[PDB]
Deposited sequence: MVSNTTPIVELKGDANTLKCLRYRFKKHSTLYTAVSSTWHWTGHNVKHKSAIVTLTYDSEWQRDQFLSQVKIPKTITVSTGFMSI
């Protein structure tokens, strides 16, 4: 009863270039969000993209195959919304 997710946090321009990059690998995620942040907190590098996946296996394939620059923090988790 959950959706496996990845969040990408960092600078909004890097994240934008990263999106160019992963639109080449569209079979490896189900959805990706516009770029957002928590209101009040992005005075930083605290911009975020969320991706959703069909399974944890598809998520592993994304992270195996899709190289994420080191200036971006990658967290994995789940959602049930």
{"query": "Unmodelled ranges, which are counted on the deposited sequence from position 1 and given in order", "finding": "1-3, 48"}
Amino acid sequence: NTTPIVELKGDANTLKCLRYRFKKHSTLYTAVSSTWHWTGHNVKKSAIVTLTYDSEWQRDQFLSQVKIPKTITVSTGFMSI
From here on, numbers count along this sequence of modelled residues.
item	value
53-61 set against 20-28, stretch whose average Cα temperature factor tops the other in the entry	20-28
Modelled-residue ranking by C-alpha temperature factor, third containing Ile5	lowest
CA B-factor placement of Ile48, once the chain's modelled residues are sorted into thirds	lowest
